[PDB]
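Asks: With the input below, show me the fold.
(one chain, ligands or ions: 2)
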Amino acid sequence: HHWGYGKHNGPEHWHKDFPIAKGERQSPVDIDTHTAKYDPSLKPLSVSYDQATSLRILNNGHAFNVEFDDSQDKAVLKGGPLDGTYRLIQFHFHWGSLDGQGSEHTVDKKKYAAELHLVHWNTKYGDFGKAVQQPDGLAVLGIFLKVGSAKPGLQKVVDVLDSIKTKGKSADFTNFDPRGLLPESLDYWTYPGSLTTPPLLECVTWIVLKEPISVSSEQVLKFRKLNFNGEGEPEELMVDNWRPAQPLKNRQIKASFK
Ligand SMILES: NS(=O)(=O)c1ccccc1F
Ligand SMILES: [Zn+2]
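Replies: Numbers count the residues shown, from 1 in each chain. Ligands and ions are numbered 1, 2, ... in the order given. Shown next is the structure:
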């Protein structure tokens, strides 16, 4: 049946239903740090999350999403490589069964334990569903997670995960401040790519921060207690929900920093 992360429905199979899997601007990629070019004309990112309104957290069977009210310019990303204003719609993570894997992007082939994606759509397209049909429709801010000290601003997410263990469960999730998930520095790499899951649409400006955040072993362990299945279906732990790096093809990764 449907796409997933198993042997039988995982990333090597996706191209049969989503032929853009083999396209010219797929994500994630390996970020070769020596080959990335500093682009002095890239602007600082502007992350404006002070008025963010989180609403709900949802296990969609592939990851969990913390969803936001995106019906006004409440949490926006601008600047950097972007033209215009991009509104935060949701964030989610990808993680591993082991601390040695889990990120989608890699840095000089290094895999991190997990990767956070803050997903934003270009307000010139009016809604997310129209934006994903455009080559500049989305901006995803990607942040690596390494295991060490706890991230105190992650704990409220971790603690609600027992309430959304299985596919299709949701829970109210108000007043969560996504600024507590960011590193100190906003230095980044950027390149044009895609959604990393089906439908794999080539609509994303990727902005990947150089500085990882640290999370504790106990925090990532709780992500690994989630289930891909629905309640009353056989239990399959939600782990290794990452797509491996895809060919860079005719793209250059730019760096905001030297
Ligand atoms: N992982 S990602 O590219 O941020 C993503 C965001 C939304 C839908 C599908 C996706 F794949
Ligand atoms: Zn993602």
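Asks: most centrally placed residue in this protein?
Replies: Geometric centre of the chain, nearest residue: residue 117, 2.1 Å, by Cα atoms, centre = their mean.
Asks: Dig out what that residue forms beta bridges with.
Replies: Bridge pairing for residue 117 (DSSP bridges) gives the partners residue 92, residue 142.
Asks: what about it, distance to ligand 1?
Replies: Taking Cβ to the nearest ligand atom, to the nearest Å as the measure, residue 117 falls 4 Å from ligand 1. For the C-beta atoms, the positions are set from N, CA and C on the backbone; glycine is no exception.
Asks: pretty sure that residue is touching residue 144, no?
Replies: No. Applying Cβ atoms under 8 Å, one finds residue 117 not in contact with residue 144, separated by 10.9 Å.
Asks: Contact residues of the stretch 101-250 of the chain facing ligand 1?
Replies: Within the stretch 101-250 of the chain, the positions near ligand 1 by Cβ under 6 Å from any ligand atom are 117, 119, 140, 195, 196, 197.
Asks: Show me where the stretch 101-250 of the chain has its helices.
Replies: 128-131, 155-160, 217-223 (DSSP state H, counting those that start in this stretch).
Asks: what would those look like in JSON lines with distance to residue 37?
Replies: Output for those, formatted as JSON lines (distance: least, Cβ to Cβ, whole Å):
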{"stretch": "helix 128-131", "distance to residue 37": "27"}
{"stretch": "helix 155-160", "distance to residue 37": "35"}
{"stretch": "helix 217-223", "distance to residue 37": "33"}
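Asks: Dump those to CSV, plus distance to residue 241 and mean neighbour count.
Replies: CSV is the format used below for those (distance: least, Cβ to Cβ, whole Å; neighbours: other Cβ atoms under 10 Å):
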stretch, distance to residue 241, mean neighbour count
helix 128-131, 21, 16
helix 155-160, 16, 17
helix 217-223, 9, 17
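Asks: Those: which one's closest to residue 148?
Replies: Closest to residue 148 of these, according to Cβ to Cβ: helix 217-223, at 8.6 Å.
Asks: Now do that closest one: which elements does it pack against?
Replies: Other helices and strands packing on helix 217-223, by 3 or more Cβ pairs under 8 Å, 6 or more residues apart in numbering; DSSP states H and E, are strand 86-95, strand 138-147, helix 155-160.
Asks: you'd agree residue 62 is in a helix?
Replies: No. Using DSSP: H, G, I helix; E, B strand; the rest coil, the assignment for residue 62 is coil, not a helix.
Asks: give me the number of residues near residue 224?
Replies: 16 (other Cβ atoms under 10 Å).
Asks: what's the spacing between it and residue 166?
Replies: According to Cβ to Cβ, to the nearest Å, residue 224 and residue 166 sit 14 Å apart.
Asks: same question, residue 120
Replies: Taking Cβ to Cβ, one finds residue 120 at 28 Å from residue 166.
Asks: So for the two, which residue has more residues nearby?
Replies: Each of residue 120 and residue 166 has its neighbours counted (other Cβ under 10 Å); residue 120 has more, 30 against 17.
Asks: The more buried one reaches residue 142, doesn't it?
Replies: No. Between residue 120 and residue 142 no contact is recorded; they are 11.8 Å apart, counting by Cβ under 8 Å.
Asks: closest to residue 72 out of the helices of the stretch 101-250 of the chain?
Replies: Residue 72 lies closest, by Cβ to Cβ, to one member of these: helix 128-131, at 14.3 Å.
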